[PDB]
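J.: Encoded as structure tokens, here's the structure I'll be asking about.
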Amino acid sequence: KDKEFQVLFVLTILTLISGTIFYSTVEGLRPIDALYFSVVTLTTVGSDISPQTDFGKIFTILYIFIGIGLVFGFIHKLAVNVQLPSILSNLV
Amino acid sequence: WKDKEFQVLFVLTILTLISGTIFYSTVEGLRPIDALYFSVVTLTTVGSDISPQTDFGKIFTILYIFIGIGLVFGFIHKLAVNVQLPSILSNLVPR
Amino acid sequence: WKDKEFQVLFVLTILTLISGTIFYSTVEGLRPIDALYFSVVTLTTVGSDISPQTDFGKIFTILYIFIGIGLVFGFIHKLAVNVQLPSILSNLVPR
Amino acid sequence: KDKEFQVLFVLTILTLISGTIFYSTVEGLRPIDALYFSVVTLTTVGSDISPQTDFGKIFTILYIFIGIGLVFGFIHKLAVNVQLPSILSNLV
Ligand SMILES: [Cl-]
Ligand SMILES: [Cl-]
Ligand SMILES: [Cl-]
Ligand SMILES: [Cl-]
Ligand SMILES: [K+]
Ligand SMILES: [K+]
Ligand SMILES: [K+]
Ligand SMILES: [K+]
Ligand SMILES: [K+]
Ligand SMILES: [K+]
Ligand SMILES: [K+]
Ligand SMILES: [K+]
Ligand SMILES: [K+]
């Protein structure tokens, strides 16, 4: 029972939905490719493509500053939840 | 204005991004918007789909990376703790 | 063996990298060494020069990123504090 | 006077030298491009190329695990030293 995790999850999903909508409508990517671009951008993995429109470039700059902190907060909380069963099985 | 460290990191981040925009548009021939995009994705460690083509560009980018990552991520951290986190919390209050 | 959290993160990291090696060599057709390279650069956030071409590959990679980054960086942190830092310190002692 | 910073600097330079030597001899890159590859790898910015030899791929995997922590420790210490004059000029 972790409302902090639940809220971070919601915020992450909503942020990825917004990017998917944006890149699929403004940059003309298939939904899966718009989601992929959004994910590799906010996780800092990085893309092998870039936006073609000035609007898309500006959006991506702002999207990084809006979303990078949240995404890494979520990744951290996710890691705690995913590794804890193994830690506890190896402890008590 | 309450957190002076945040104020400094913000100004330094803006100046760093202006410097990169000027550099890449002059030396690497990018349009200013593409030079700003390149600077942002580089200093946040996202990475661009392109890379510098000139030796000057490569050397500058190495130095810009080392100095710039620390500042931009210091700014992102302060933005998260001083702006985004309080805004999220406020927006979760039932009214 | 003294730090059980480090032990768990190490094993989980190895299993995660084996899973990626198997996945990318089967679904994306990469040689195993290229699948391992891709998995490593992806989960450390370095990023590859390539990207998945199949929709299965794209979906898997999104999930692998979210689960894998946290584990691999947990491992890197533990490796730094429990192995690399004590080794550096020991190697700086005049004898 | 910061021996911690001095040591991190030395370790970083030696690590970048080793990568420059490796990628310029094994992967046939010009020195500047071997240094660039080493830097964007350890800082996690990422490269638009990859090693062509199996030896180079294996080396890069190990190089990441050997060097990423040190490089980020250095980047942090560098940031403290670079921003402190501005903070202090804005304070005392
Ligand atoms: Cl178990
Ligand atoms: Cl422009
Ligand atoms: Cl192979
Ligand atoms: Cl001053
Ligand atoms: K990338
Ligand atoms: K690329
Ligand atoms: K483009
Ligand atoms: K990239
Ligand atoms: K990165
Ligand atoms: K890359
Ligand atoms: K990257
Ligand atoms: K990159
Ligand atoms: K290659």
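Scheme for the structure tokens: letters A, B, ... for chains in order shown; per-chain residue numbers from 1; ligand numbers from 1 in order shown.
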Per residue of chain C within 6 Å of ligand 10, note the shortest atom pair and the distance in Å to one decimal, counting only C-alpha atoms and all ligand atoms, and order the rows by chain and increasing residue number, as JSON lines.

T.:
{"residue": "C:47", "atom": "CA", "partner": "ligand 10", "partner_atom_place_in_ligand_line": "1 (K)", "distance": 4.0}
{"residue": "C:48", "atom": "CA", "partner": "ligand 10", "partner_atom_place_in_ligand_line": "1 (K)", "distance": 4.2}
{"residue": "C:49", "atom": "CA", "partner": "ligand 10", "partner_atom_place_in_ligand_line": "1 (K)", "distance": 4.7}

J.: Taking only C-alpha atoms into account, report as a PyMOL selection string which residues of chain D lie within 7 Å of chain C.

T.: chain D and resi 41+44-50+57+61+69

J.: As an NGL selection string, please: all residues of range 22-91 of chain D that backbone DSSP puts in alpha helix (DSSP H).

T.: :D and (22-25 or 31-42 or 54-89)

J.: Neighbours of residue 31 in chain D within 12 Å (only C-alpha atoms; same-chain residues fewer than 5 positions away dropped), as a count of residues only?

T.: 17

J.: Excluding same-chain residues fewer than 6 positions from residue 11 in chain B, what lies within 12 Å of it counting only C-alpha atoms, as a list in words?

T.: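 Close residues of residue 11 in chain B: residues 1, 4, 5, 17, 18, 71, 72, 74 and 75 of chain B; 83, 86, 87 and 90 of chain D.
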
J.: Just fit chain B onto chain C on all the Cα atoms, in order, by least squares, and give it as a short mmCIF file (atom, residue, chain, number, x, y, z; two decimals) with N, CA and C atoms, in the first residue's frame.

T.:
data_model
loop_
_atom_site.label_atom_id
_atom_site.label_comp_id
_atom_site.auth_asym_id
_atom_site.auth_seq_id
_atom_site.Cartn_x
_atom_site.Cartn_y
_atom_site.Cartn_z
N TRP B 1 28.98 -10.95 -0.40
CA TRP B 1 28.28 -11.84 0.51
C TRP B 1 27.96 -11.15 1.84
N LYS B 2 28.73 -10.11 2.19
CA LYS B 2 28.42 -9.36 3.41
C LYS B 2 27.20 -8.48 3.21
N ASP B 3 27.12 -7.80 2.06
CA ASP B 3 25.97 -6.96 1.72
C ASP B 3 25.02 -7.80 0.89
N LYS B 4 23.91 -8.24 1.50
CA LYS B 4 22.97 -9.08 0.78
C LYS B 4 22.20 -8.29 -0.29
N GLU B 5 21.97 -7.00 -0.06
CA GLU B 5 21.30 -6.19 -1.09
C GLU B 5 22.15 -6.12 -2.35
N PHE B 6 23.47 -5.98 -2.19
CA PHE B 6 24.39 -5.97 -3.32
C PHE B 6 24.35 -7.30 -4.06
N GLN B 7 24.37 -8.40 -3.31
CA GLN B 7 24.27 -9.73 -3.90
C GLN B 7 23.01 -9.87 -4.75
N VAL B 8 21.86 -9.43 -4.22
CA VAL B 8 20.60 -9.52 -4.96
C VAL B 8 20.65 -8.66 -6.22
N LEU B 9 21.16 -7.43 -6.09
CA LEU B 9 21.20 -6.53 -7.24
C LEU B 9 22.13 -7.06 -8.32
N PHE B 10 23.24 -7.68 -7.91
CA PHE B 10 24.15 -8.30 -8.87
C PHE B 10 23.45 -9.43 -9.62
N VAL B 11 22.83 -10.36 -8.89
CA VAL B 11 22.16 -11.47 -9.56
C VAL B 11 21.05 -10.96 -10.47
N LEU B 12 20.22 -10.03 -9.96
CA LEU B 12 19.14 -9.49 -10.78
C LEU B 12 19.68 -8.79 -12.02
N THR B 13 20.82 -8.11 -11.91
CA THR B 13 21.40 -7.45 -13.07
C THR B 13 21.86 -8.47 -14.11
N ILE B 14 22.52 -9.52 -13.65
CA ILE B 14 22.96 -10.57 -14.57
C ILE B 14 21.77 -11.20 -15.27
N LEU B 15 20.74 -11.56 -14.51
CA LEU B 15 19.56 -12.17 -15.12
C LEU B 15 18.90 -11.22 -16.11
N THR B 16 18.85 -9.93 -15.77
CA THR B 16 18.25 -8.95 -16.67
C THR B 16 19.03 -8.86 -17.97
N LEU B 17 20.36 -8.88 -17.89
CA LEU B 17 21.17 -8.79 -19.11
C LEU B 17 21.08 -10.07 -19.93
N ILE B 18 20.97 -11.24 -19.29
CA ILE B 18 20.77 -12.47 -20.05
C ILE B 18 19.43 -12.41 -20.77
N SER B 19 18.39 -11.93 -20.08
CA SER B 19 17.08 -11.83 -20.69
C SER B 19 17.12 -10.94 -21.93
N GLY B 20 17.78 -9.78 -21.82
CA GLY B 20 17.89 -8.90 -22.97
C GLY B 20 18.68 -9.52 -24.10
N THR B 21 19.79 -10.18 -23.77
CA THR B 21 20.58 -10.85 -24.80
C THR B 21 19.71 -11.84 -25.56
N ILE B 22 18.94 -12.66 -24.84
CA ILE B 22 18.07 -13.64 -25.49
C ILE B 22 17.01 -12.93 -26.31
N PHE B 23 16.39 -11.90 -25.74
CA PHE B 23 15.31 -11.22 -26.44
C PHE B 23 15.80 -10.62 -27.75
N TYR B 24 16.85 -9.80 -27.70
CA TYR B 24 17.21 -9.05 -28.90
C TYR B 24 17.81 -9.96 -29.96
N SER B 25 18.48 -11.03 -29.55
CA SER B 25 19.01 -11.97 -30.55
C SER B 25 17.89 -12.77 -31.21
N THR B 26 16.78 -13.02 -30.50
CA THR B 26 15.69 -13.80 -31.08
C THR B 26 14.74 -12.91 -31.88
N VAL B 27 14.26 -11.82 -31.27
CA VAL B 27 13.19 -11.02 -31.87
C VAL B 27 13.74 -10.00 -32.85
N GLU B 28 14.88 -9.40 -32.54
CA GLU B 28 15.46 -8.35 -33.37
C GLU B 28 16.58 -8.88 -34.25
N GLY B 29 16.92 -10.16 -34.14
CA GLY B 29 17.88 -10.78 -35.03
C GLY B 29 19.32 -10.38 -34.82
N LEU B 30 19.66 -9.81 -33.67
CA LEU B 30 21.03 -9.41 -33.41
C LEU B 30 21.90 -10.61 -33.06
N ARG B 31 23.18 -10.53 -33.41
CA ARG B 31 24.12 -11.49 -32.85
C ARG B 31 24.08 -11.36 -31.33
N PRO B 32 24.29 -12.46 -30.59
CA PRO B 32 24.28 -12.34 -29.12
C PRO B 32 25.16 -11.22 -28.57
N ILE B 33 26.38 -11.03 -29.08
CA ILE B 33 27.22 -9.97 -28.52
C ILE B 33 26.60 -8.60 -28.77
N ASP B 34 25.96 -8.41 -29.93
CA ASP B 34 25.29 -7.14 -30.20
C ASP B 34 24.04 -6.98 -29.36
N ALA B 35 23.34 -8.07 -29.08
CA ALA B 35 22.19 -8.00 -28.19
C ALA B 35 22.61 -7.64 -26.76
N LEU B 36 23.74 -8.19 -26.30
CA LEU B 36 24.22 -7.83 -24.97
C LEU B 36 24.67 -6.37 -24.93
N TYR B 37 25.43 -5.93 -25.94
CA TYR B 37 25.82 -4.52 -26.02
C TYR B 37 24.59 -3.62 -25.99
N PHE B 38 23.57 -3.93 -26.79
CA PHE B 38 22.36 -3.12 -26.81
C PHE B 38 21.72 -3.07 -25.43
N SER B 39 21.62 -4.23 -24.77
CA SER B 39 20.98 -4.28 -23.46
C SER B 39 21.75 -3.42 -22.46
N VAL B 40 23.07 -3.51 -22.48
CA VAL B 40 23.89 -2.77 -21.53
C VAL B 40 23.77 -1.26 -21.76
N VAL B 41 23.95 -0.81 -23.01
CA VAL B 41 23.91 0.63 -23.23
C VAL B 41 22.52 1.18 -22.98
N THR B 42 21.48 0.37 -23.23
CA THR B 42 20.13 0.84 -22.97
C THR B 42 19.88 1.01 -21.47
N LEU B 43 20.18 -0.02 -20.67
CA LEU B 43 19.86 0.03 -19.24
C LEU B 43 20.77 0.97 -18.45
N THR B 44 21.95 1.30 -18.95
CA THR B 44 22.77 2.33 -18.32
C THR B 44 22.43 3.73 -18.83
N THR B 45 21.47 3.84 -19.74
CA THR B 45 20.97 5.07 -20.36
C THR B 45 21.96 5.70 -21.34
N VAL B 46 23.09 5.03 -21.63
CA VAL B 46 24.00 5.51 -22.67
C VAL B 46 23.26 5.61 -23.99
N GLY B 47 22.52 4.57 -24.34
CA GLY B 47 21.82 4.54 -25.60
C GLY B 47 22.65 3.93 -26.71
N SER B 48 21.98 3.20 -27.59
CA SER B 48 22.61 2.55 -28.72
C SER B 48 22.59 3.47 -29.94
N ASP B 49 23.41 3.12 -30.93
CA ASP B 49 23.34 3.76 -32.24
C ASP B 49 22.18 3.21 -33.06
N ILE B 50 21.54 2.13 -32.60
CA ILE B 50 20.41 1.51 -33.29
C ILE B 50 19.18 1.53 -32.36
N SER B 51 18.06 1.09 -32.91
CA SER B 51 16.83 0.97 -32.14
C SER B 51 16.06 -0.25 -32.61
N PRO B 52 15.14 -0.75 -31.80
CA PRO B 52 14.36 -1.92 -32.22
C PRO B 52 13.55 -1.60 -33.47
N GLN B 53 13.41 -2.60 -34.33
CA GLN B 53 12.64 -2.43 -35.54
C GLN B 53 11.25 -3.04 -35.47
N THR B 54 11.03 -4.01 -34.59
CA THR B 54 9.73 -4.65 -34.48
C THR B 54 8.90 -4.00 -33.38
N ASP B 55 7.59 -4.07 -33.53
CA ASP B 55 6.72 -3.53 -32.49
C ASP B 55 6.89 -4.29 -31.17
N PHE B 56 7.05 -5.62 -31.24
CA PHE B 56 7.37 -6.40 -30.05
C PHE B 56 8.65 -5.87 -29.40
N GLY B 57 9.68 -5.63 -30.21
CA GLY B 57 10.91 -5.08 -29.68
C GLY B 57 10.72 -3.73 -29.01
N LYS B 58 9.89 -2.87 -29.61
CA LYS B 58 9.67 -1.55 -29.01
C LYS B 58 8.94 -1.67 -27.67
N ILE B 59 7.88 -2.47 -27.61
CA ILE B 59 7.13 -2.63 -26.37
C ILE B 59 8.01 -3.25 -25.30
N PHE B 60 8.70 -4.34 -25.64
CA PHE B 60 9.57 -4.96 -24.65
C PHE B 60 10.59 -3.96 -24.14
N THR B 61 11.19 -3.20 -25.04
CA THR B 61 12.26 -2.29 -24.63
C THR B 61 11.73 -1.22 -23.68
N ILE B 62 10.51 -0.73 -23.90
CA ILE B 62 9.92 0.22 -22.96
C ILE B 62 9.82 -0.38 -21.56
N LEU B 63 9.31 -1.61 -21.47
CA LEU B 63 9.19 -2.24 -20.16
C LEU B 63 10.55 -2.55 -19.56
N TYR B 64 11.48 -3.02 -20.39
CA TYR B 64 12.84 -3.35 -19.95
C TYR B 64 13.55 -2.13 -19.41
N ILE B 65 13.36 -0.98 -20.07
CA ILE B 65 13.94 0.28 -19.61
C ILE B 65 13.45 0.62 -18.21
N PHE B 66 12.14 0.59 -18.01
CA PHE B 66 11.61 1.04 -16.72
C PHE B 66 12.02 0.12 -15.59
N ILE B 67 11.99 -1.20 -15.81
CA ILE B 67 12.38 -2.13 -14.76
C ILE B 67 13.90 -2.21 -14.65
N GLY B 68 14.60 -2.17 -15.79
CA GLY B 68 16.02 -2.42 -15.81
C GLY B 68 16.89 -1.27 -15.35
N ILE B 69 16.52 -0.02 -15.67
CA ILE B 69 17.36 1.09 -15.25
C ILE B 69 17.51 1.09 -13.74
N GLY B 70 16.40 0.93 -13.02
CA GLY B 70 16.46 1.01 -11.58
C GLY B 70 17.36 -0.06 -10.98
N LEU B 71 17.34 -1.26 -11.55
CA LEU B 71 18.16 -2.33 -11.01
C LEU B 71 19.62 -2.13 -11.35
N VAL B 72 19.91 -1.83 -12.62
CA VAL B 72 21.29 -1.66 -13.04
C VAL B 72 21.95 -0.49 -12.31
N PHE B 73 21.22 0.59 -12.08
CA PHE B 73 21.84 1.70 -11.37
C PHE B 73 21.92 1.45 -9.87
N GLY B 74 21.00 0.65 -9.33
CA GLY B 74 21.18 0.20 -7.97
C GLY B 74 22.44 -0.63 -7.82
N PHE B 75 22.70 -1.50 -8.80
CA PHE B 75 23.91 -2.30 -8.79
C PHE B 75 25.15 -1.42 -8.92
N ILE B 76 25.13 -0.46 -9.86
CA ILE B 76 26.28 0.41 -10.06
C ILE B 76 26.59 1.21 -8.80
N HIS B 77 25.54 1.67 -8.11
CA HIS B 77 25.75 2.39 -6.87
C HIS B 77 26.41 1.50 -5.82
N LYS B 78 25.87 0.29 -5.62
CA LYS B 78 26.45 -0.64 -4.65
C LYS B 78 27.88 -1.01 -5.03
N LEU B 79 28.14 -1.19 -6.33
CA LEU B 79 29.49 -1.53 -6.76
C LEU B 79 30.45 -0.40 -6.42
N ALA B 80 29.99 0.84 -6.59
CA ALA B 80 30.83 1.99 -6.29
C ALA B 80 31.12 2.08 -4.80
N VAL B 81 30.10 1.90 -3.96
CA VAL B 81 30.33 2.12 -2.53
C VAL B 81 31.00 0.92 -1.88
N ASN B 82 30.68 -0.30 -2.32
CA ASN B 82 31.18 -1.48 -1.63
C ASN B 82 32.44 -2.07 -2.24
N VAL B 83 32.77 -1.74 -3.49
CA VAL B 83 33.93 -2.34 -4.14
C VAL B 83 34.91 -1.29 -4.61
N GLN B 84 34.45 -0.37 -5.47
CA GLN B 84 35.38 0.55 -6.11
C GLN B 84 35.93 1.59 -5.14
N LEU B 85 35.06 2.17 -4.32
CA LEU B 85 35.54 3.17 -3.36
C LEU B 85 36.53 2.56 -2.38
N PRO B 86 36.25 1.44 -1.71
CA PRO B 86 37.29 0.88 -0.82
C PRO B 86 38.57 0.51 -1.54
N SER B 87 38.49 0.06 -2.80
CA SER B 87 39.70 -0.27 -3.54
C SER B 87 40.53 0.98 -3.82
N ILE B 88 39.88 2.06 -4.26
CA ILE B 88 40.60 3.32 -4.47
C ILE B 88 41.28 3.75 -3.18
N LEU B 89 40.54 3.77 -2.08
CA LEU B 89 41.10 4.22 -0.81
C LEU B 89 42.30 3.37 -0.41
N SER B 90 42.16 2.05 -0.47
CA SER B 90 43.28 1.16 -0.16
C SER B 90 44.48 1.47 -1.04
N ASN B 91 44.24 1.74 -2.31
CA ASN B 91 45.34 1.95 -3.25
C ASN B 91 45.98 3.32 -3.13
N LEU B 92 45.43 4.20 -2.29
CA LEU B 92 46.01 5.51 -2.02
C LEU B 92 46.83 5.54 -0.74
N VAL B 93 46.89 4.43 -0.01
CA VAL B 93 47.63 4.38 1.25
C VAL B 93 49.12 4.25 0.94
N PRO B 94 49.98 5.10 1.51
CA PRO B 94 51.42 4.91 1.30
C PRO B 94 51.93 3.74 2.15
N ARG B 95 52.70 2.86 1.52
CA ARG B 95 53.18 1.64 2.17
C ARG B 95 54.70 1.49 2.05
#

J.: Pick from A:91, A:40, A:56, A:65: nearest to ligand 12, with only C-alpha atoms and all ligand atoms counted?

T.: A:40

J.: Smallest atom-to-atom distance to chain D: which of A:43, A:76, A:32, A:2, using only C-alpha atoms?

T.: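 So, comparing all the options, the nearest one is A:43.
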
J.: Give one line per residue of chain A that approaches ligand 2 to at most 12 Å, naming the two atoms of the closest pair and their distance in Å to one decimal, counting only C-alpha atoms and all ligand atoms; sort by chain then ascending residue number and deliver it as JSON lines.

T.:
{"residue": "A:53", "atom": "CA", "partner": "ligand 2", "partner_atom_place_in_ligand_line": "1 (Cl)", "distance": 10.9}
{"residue": "A:54", "atom": "CA", "partner": "ligand 2", "partner_atom_place_in_ligand_line": "1 (Cl)", "distance": 7.9}
{"residue": "A:55", "atom": "CA", "partner": "ligand 2", "partner_atom_place_in_ligand_line": "1 (Cl)", "distance": 11.1}
{"residue": "A:57", "atom": "CA", "partner": "ligand 2", "partner_atom_place_in_ligand_line": "1 (Cl)", "distance": 10.4}
{"residue": "A:58", "atom": "CA", "partner": "ligand 2", "partner_atom_place_in_ligand_line": "1 (Cl)", "distance": 10.7}

J.: With N, CA and C atoms retained, could you export that selection as a PDB file, in the first residue's frame?

T.:
ATOM      1  N   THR A  53       9.597  19.349 -36.843  1.00  0.00           N
ATOM      2  CA  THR A  53       8.987  20.666 -36.764  1.00  0.00           C
ATOM      3  C   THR A  53       9.601  21.470 -35.621  1.00  0.00           C
ATOM      4  N   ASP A  54       9.633  22.790 -35.800  1.00  0.00           N
ATOM      5  CA  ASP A  54      10.073  23.662 -34.717  1.00  0.00           C
ATOM      6  C   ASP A  54       9.188  23.490 -33.484  1.00  0.00           C
ATOM      7  N   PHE A  55       7.869  23.388 -33.678  1.00  0.00           N
ATOM      8  CA  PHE A  55       6.959  23.100 -32.567  1.00  0.00           C
ATOM      9  C   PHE A  55       7.393  21.844 -31.823  1.00  0.00           C
ATOM     10  N   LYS A  57      10.376  20.472 -31.693  1.00  0.00           N
ATOM     11  CA  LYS A  57      11.642  20.673 -30.998  1.00  0.00           C
ATOM     12  C   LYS A  57      11.421  21.421 -29.692  1.00  0.00           C
ATOM     13  N   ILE A  58      10.624  22.487 -29.744  1.00  0.00           N
ATOM     14  CA  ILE A  58      10.321  23.268 -28.544  1.00  0.00           C
ATOM     15  C   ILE A  58       9.584  22.407 -27.523  1.00  0.00           C
TER      16      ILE A  58
END

J.: Excluding residue 71 in chain A and any residue of its chain fewer than 4 positions from it, enumerate the residues within 7 Å of it, using only C-alpha atoms, and give them as a PyMOL selection string.

T.: chain A and resi 12+42-43+67+75

J.: Keeping only N, CA and C atoms, write the selected residues as a CSV table (one decimal), in the first residue's frame.

T.:
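Below is the file that was written, again.csv:
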chain,number,residue,atom,x,y,z
A,12,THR,N,3.4,9.5,-14.3
A,12,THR,CA,4.2,9.0,-15.4
A,12,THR,C,3.4,8.6,-16.6
A,42,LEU,N,12.5,10.8,-22.0
A,42,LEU,CA,12.4,11.1,-20.6
A,42,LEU,C,13.3,10.2,-19.7
A,43,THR,N,13.6,9.0,-20.1
A,43,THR,CA,14.5,8.1,-19.4
A,43,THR,C,16.0,8.4,-19.7
A,67,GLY,N,9.4,16.4,-17.3
A,67,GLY,CA,9.1,15.0,-17.0
A,67,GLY,C,10.3,14.2,-16.6
A,75,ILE,N,11.0,5.6,-11.6
A,75,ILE,CA,11.9,4.4,-11.8
A,75,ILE,C,12.5,4.0,-10.5

J.: In terms of the shortest atom-to-atom distance over only C-alpha atoms and all ligand atoms, which of D:52, D:72, D:60, D:34 is closest to ligand 9?

T.: D:72
